[PDB]
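Undergrad: Sequence plus experimental coordinates follow:
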Amino acid sequence: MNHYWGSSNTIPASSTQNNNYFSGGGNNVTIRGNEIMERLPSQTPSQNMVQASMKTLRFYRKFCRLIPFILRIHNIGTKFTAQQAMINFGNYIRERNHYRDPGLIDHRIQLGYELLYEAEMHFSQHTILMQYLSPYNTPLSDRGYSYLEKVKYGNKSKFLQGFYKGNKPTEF
Amino acid sequence: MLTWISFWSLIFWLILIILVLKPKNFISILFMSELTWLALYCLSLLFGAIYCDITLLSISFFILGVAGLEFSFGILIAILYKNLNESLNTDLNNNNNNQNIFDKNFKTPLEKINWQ
Amino acid sequence: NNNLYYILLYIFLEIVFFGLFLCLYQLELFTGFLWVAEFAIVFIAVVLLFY
Amino acid sequence: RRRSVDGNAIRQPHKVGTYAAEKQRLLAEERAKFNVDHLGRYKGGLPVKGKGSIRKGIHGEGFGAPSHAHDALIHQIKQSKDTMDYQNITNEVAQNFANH
Amino acid sequence: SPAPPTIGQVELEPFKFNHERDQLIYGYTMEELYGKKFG
Amino acid sequence: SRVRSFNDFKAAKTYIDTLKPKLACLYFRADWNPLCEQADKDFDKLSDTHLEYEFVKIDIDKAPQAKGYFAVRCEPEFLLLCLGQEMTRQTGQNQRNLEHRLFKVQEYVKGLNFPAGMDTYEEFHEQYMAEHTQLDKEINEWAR
Amino acid sequence: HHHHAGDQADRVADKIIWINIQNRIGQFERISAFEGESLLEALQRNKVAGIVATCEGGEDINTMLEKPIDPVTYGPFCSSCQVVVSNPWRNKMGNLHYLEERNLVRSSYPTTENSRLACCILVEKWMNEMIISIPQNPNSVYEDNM
Amino acid sequence: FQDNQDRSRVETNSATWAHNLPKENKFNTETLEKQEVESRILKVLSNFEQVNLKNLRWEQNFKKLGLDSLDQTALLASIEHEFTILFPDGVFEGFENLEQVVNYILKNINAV
Amino acid sequence: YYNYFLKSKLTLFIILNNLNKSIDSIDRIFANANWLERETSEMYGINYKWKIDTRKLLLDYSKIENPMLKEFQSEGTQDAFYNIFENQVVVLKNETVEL
Amino acid sequence: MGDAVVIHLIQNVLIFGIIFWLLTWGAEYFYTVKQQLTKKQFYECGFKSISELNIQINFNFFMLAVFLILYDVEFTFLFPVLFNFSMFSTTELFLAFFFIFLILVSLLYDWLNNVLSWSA
Amino acid sequence: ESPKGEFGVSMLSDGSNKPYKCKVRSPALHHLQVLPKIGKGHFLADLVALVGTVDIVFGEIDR
Amino acid sequence: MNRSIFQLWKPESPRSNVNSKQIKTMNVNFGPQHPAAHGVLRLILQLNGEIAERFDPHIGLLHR
Amino acid sequence: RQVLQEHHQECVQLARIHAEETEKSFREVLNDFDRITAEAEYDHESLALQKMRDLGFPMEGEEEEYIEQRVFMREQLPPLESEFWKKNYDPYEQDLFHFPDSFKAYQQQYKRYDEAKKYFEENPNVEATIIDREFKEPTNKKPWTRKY
Ligand SMILES: *P([O])([O])(=O)O[C]C([C])([C])[C]([O])C(=O)[N][C][C]C(=O)[N][C][C]SC(=O)[C][C][C][C][C][C][C][C][C][C][C][C][C]
Ligand code: FES
């Protein structure tokens, strides 16, 4: 297949063999391919929200199969485990679960595939691509956190937490 | 400590032993073949100097030519390993087990052997 | 040593020591010819290893 | 177990309004484009100039000799020349990953 | 209706190689068709 | 034999290296897995019936250094060693399979004939360090 | 068959043994075989890929397909018709002949514990819906590509 | 005497350096044990802290366990990473419960 | 378009009222349309169906936005700073200057 | 070709390198290097390299390399007659010209088969 | 006719003092777009020469 | 001269190891800090013996 | 009836082919014999040369100076709008209908599509899911409570 995801776009195991003396093979599912992506054709338009959801699930599957490699090459494996990154991106998708336009979902899937390829090929910096993998309500697993707000504002409402903090600087 | 005749004969045969001793990687065997030819070159020079024979000194360039031809053929054969899906480490081109290799493990290209 | 780069380096050192012997045995012209030919061969071998 | 006119055993088909039945009809149409029978095998047909023993049927031309094995990867390549919506993990891809 | 004259796929090309020229000028000469070329 | 329980890595390592058992079975456990209780019971029941093995139980939670040293990946872990080097491992809880691998290791060690002076207990990391110096050290020197 | 006078012929479709195959490209095939033939003959008639079949069924006398196998048989002459049978029919087949096992273990490509030689397999009525896998077999001589 | 019951020859030698306890045969068709698969999958599930491992019912659906559409995909991908295997699309989409996942892994010979 | 035979300029206007802004791509007909349609899609959110290459052309990595829209402010939504605690460039909310 | 005096000069060159090393250390006194994330990483025009050890070449000129070996050998064989050409005779002249003709023939055959260019 | 080709400006004005839309067609964009088409099969030096010969300014291309 | 077309091009057939790229492609980037890249082009260049095989021109590094 | 119609159309086209073959002149028959005897000894290189010649590839070195103009510079023909407005674009797979239930586990899961269709018919409009960003203690304390 003449595609970046084609079965023949695999890095050879050796310099004279693909896999072994009796069989071929390679890994482009969990790591990057041998050849760069010249073109990324459009997702075939989905006439059904069913097909849009299937595209979303398959994109998430491709992302999850590729997150250990992304963590390893970007040196962010201590900020979150592979499963924590998967859960954070699942939360990101859950915040977008209300989509109902198959065309818009196809466009979002194309953008997500492009971003995944960018993070896969070191195009984007780790400090910038981690915002999708960053946890929502918990701190990063590579640095100490402060629970001063949790202790001082013990069981107080979110309104009071915002009220005591403020939304603008107090000097101007 | 050894006389030069003894040393050169001994180390020519030592090179021939080491060529067999080392793992059968084609590039390594090619390097050892060049070393063997150079040992023959030096031994021929030594015997020519000892016996005042210009014919033994003649084999100096002849050995160089034969070694160069064999090295070119070896380069071409090593290139040929790429197109035949053959590992340069020839021990990995067969399924026979050997304890000399830490990691040798070949399995059939199948997922499941038994379907329910 | 099984690393091909170190194997080739030790082959080069063996060539150097063979030339040193031939110099000690007063056969320096053959030392120079051996050195030039085998240095070219080792150069091409290094390129092959890079391949 | 009883059998149909072909050697396959008689079994009840999918429901009328099922995606399974729709996809089965679509797959039959796809097979018709490559001169492929119900079992995934290139059949005979009209001789083709310059293509050896490869024959041509009615709705399309075969991609192999008669009574041969239709390749799903070849069908995907010919139908979608360069378009992959997702990296589909087939048995071949899974086996390549396992071999690696 | 009469069958159309056969037109090869290698035709309709902006430029021709030697085999295309040989097929095209069959029965004639390069000087007979394109005229004489000078240096 | 009987199960010797250790909550410390250094104490367990000292006991195992001092005893120098010909056949040893180490059961590493942690509180995360709910199957460790049945693993505890299976280890206790198998300790009595096998006197050729020395049964040592290490709690990974109270001895976190043990997990790294013994290369434990998942709990419960049953590591069967002969003369200090790993013979086999069982990553799950199954009494029949654990007894089967105990029997297999026992039979194979019974069938061995070590040379005189080369039948001594070794530390667990000695074979790994030998392979590391023979392979990993040279690779690191070449690459980095 | 025990046909009687005036009885009509029987359908071929009712006498077909089905072999479900996993081709080397990991693809599902369904071929038809007849009792009394060899699996190699069925695979070659159905143009099944992956079977090199260098020796083409071995010798024509004292074959491995006979019941019982003659002691003076030479057995298989290569290791190119290797098919990995599924567990039920593999158990029903039984234990390997010594010559067949010798040829199976003397294979340049790795084998399995369910591996059998196709030309040593005789198609039987109980082999209906039999599942086999056919990974690519080795090429022995210079003429395997001729 | 030719002992036809002795099927051993130099091609059948199965002594490897990495295995102190030798393998039964040269073919590396050793499938993982059920308890090992269950413990590794239990660790993978322990990575997902909305699931209680104590009362885990292996025939129970992922939805009843507490896994959404994305959690099932994430869990299956994590299992693939743990066993270094790939699920073909049909198998991946057809997984209804951890019992089915365990059975599929057991039938697999490439799992490590 | 420019026609050399007729020495003419043509300007085709295509009206989009569907919310997803979906339209077919002529990237497979005119080779110019690859980067032109990539710019149009990344800047205006146009969904070009059947397009040869859908990757962004001028936008920053790991950013999804359509800046060339009247809803999108010129100053944007993010600013790139250097974070000492990360020892690398991060993206934060921007407090830009107003005249 | 030199002698032990050449070996001693090689030693003196090493000592000169030691002098340069001393100068470099003294220069090292005059600055401080601050540890940074990408300071000791590979440079690929401002972005992280996607490969560290697997940087493989295609080596399309192996025919040129093997011909270099053969023709260097041939030139070495040509050296002796040119060194002592003043004493040439009919035999030596014929042999030298025939050897040069063989070299030219080999080169021309290499040219005819287009093996002196790059390959895909 | 800019030195790099046909430099075009498409201005849609709504009547105000500000242009509603000012699209810019840069010749350098189309010149760089054909570089992969004409650069494939060339060595690195040839590719550098091709980058030089298209006379591309990246202010026009990126803008 | 004679024909050398087979030495000039190398196609890819499905599942063909010989026709595939039997080499790790040198996917170097003609990045910004390069004298010939004008400073604001990141040309992801897939090479095969310095032969420009694939182009992925990242532009917009000067998009303002 | 459809089988008979296809049989008749096949026979019509086969008769057309036979008319193409049987009505050849003696010189054409001799050329065909020569072509057959040449194909009996043509290598794969010769067949590739024939295919490239039919594709318009260069066949001399001077023409190989302009390889790209025929091999690469010719643009791909655009697809058809008939290909554009197709029913579905799932990758082709063998219809595992008569295959055993072991093989059907690898086929596309059509039950998933039915369940998704039911779900989206029952949920046409849903509220936006908001993941709360209020600070919470980590669910696993390992990064802050591990010693070794
Ligand atoms: P369940 O079984 O839970 O009902 O199934 C859920 C669905 C059906 C799959 C789905 O979630 C749903 O409810 N609706 C369909 C999907 C949908 O409506 N919207 C999903 C949007 S897809 C999306 O937005 C992806 C775009 C990516 C944005 C940027 C991230 C790209 C990668 C960045 C990080 C990579 C390297 C770090
Ligand atoms: S085909 Fe030769 S052993 Fe069966």
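TA: Nice, I can see it. Residues are numbered from 1 along each chain as shown, chains lettered A, B, ... in the order given. Ligands and ions are numbered 1, 2, ... in the order given.
Undergrad: quick one: contacts for the residue in chain L positioned nearest to ligand 1?
TA: Closest residue of chain L to ligand 1, CB to the nearest ligand atom: residue L:58 (17.1 Å). C-beta coordinates here come from the backbone N, C-alpha and C atoms, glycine included. Applying CB atoms under 8 Å, 6 or more residues apart in numbering or on different chains to residue L:58 gives the contacts A:123, L:29, L:41-44.
Undergrad: rerun that using 10 Å as the cut-off
TA: Residue L:58 makes contacts with A:118, A:123, I:55-58, I:61, J:47, L:29-32, L:40-44, as judged by CB atoms under 10 Å, 6 or more residues apart in numbering or on different chains.
Undergrad: For the residue of chain G at minimum distance from chain A, give me its contacts.
TA: Nearest residue of chain G to chain A: residue G:109, at 4.5 Å (CB to the nearest CB). For residue G:109, the contacting residues are A:20-23, B:94-95, B:106, B:108-109, G:79-80, G:82, G:135-138, by CB under 10 Å, 6+ apart.
Undergrad: Most neighbours among those, which one?
TA: residue G:82 (27 neighbours; other CB atoms under 10 Å in any protein chain shown).
Undergrad: which helices and strands sit right next to whichever helix in chain K runs longest?
TA: Assignment by DSSP state H gives helix K:44-53 as the longest helix of chain K. Judged by 3 or more CB pairs under 10 Å, 6 or more residues apart in numbering or on different chains; DSSP states H and E, helix K:44-53 is in contact with helix K:35-39, strand L:26-30, strand L:42-47, strand L:52-58.
Undergrad: could you redo those as a markdown table and give each row distance to residue M:47?
TA: As requested, the helices and strands packed on helix K:44-53 are arranged in a markdown table below (distance: least, CB to CB, whole Å):
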| stretch | distance to residue M:47 |
| --- | --- |
| helix K:35-39 | 29 |
| strand L:26-30 | 33 |
| strand L:42-47 | 30 |
| strand L:52-58 | 26 |
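Undergrad: nearest to residue C:50, of these?
TA: Among the helices and strands packed on helix K:44-53, the nearest to residue C:50 by CB to CB is strand L:26-30 (11.9 Å).
Undergrad: who does that closest one pair up with?
TA: If you go by DSSP bridges, strand L:26-30 pairs up with strand L:42-47 (antiparallel).
Undergrad: so residue B:20 makes contact with residue B:28?
TA: No - contact criterion CB atoms under 10 Å: residue B:20 and residue B:28 do not qualify, at 11.4 Å.
Undergrad: closest point of chain F to chain G, which residue?
TA: residue F:104 (18.1 Å).
Undergrad: Quick one: check the helix or strand encompassing that residue for contact with chain H.
TA: Using DSSP states H and E, residue F:104 sits in helix F:95-110. Yes - Helix F:95-110 lies within reach of chain H by CB under 10 Å from any CB of the partner chain, at F:95-98, F:100-101, F:104-105, F:107-109.
Undergrad: Briefly note if the host helix or strand of residue M:119 comes near chain G.
TA: Using DSSP H and E, residue M:119 sits within helix M:110-122. No - judged by CB under 10 Å from any CB, helix M:110-122 stays clear of chain G, getting no closer than 16.5 Å.
Undergrad: Good, we can wrap up now.
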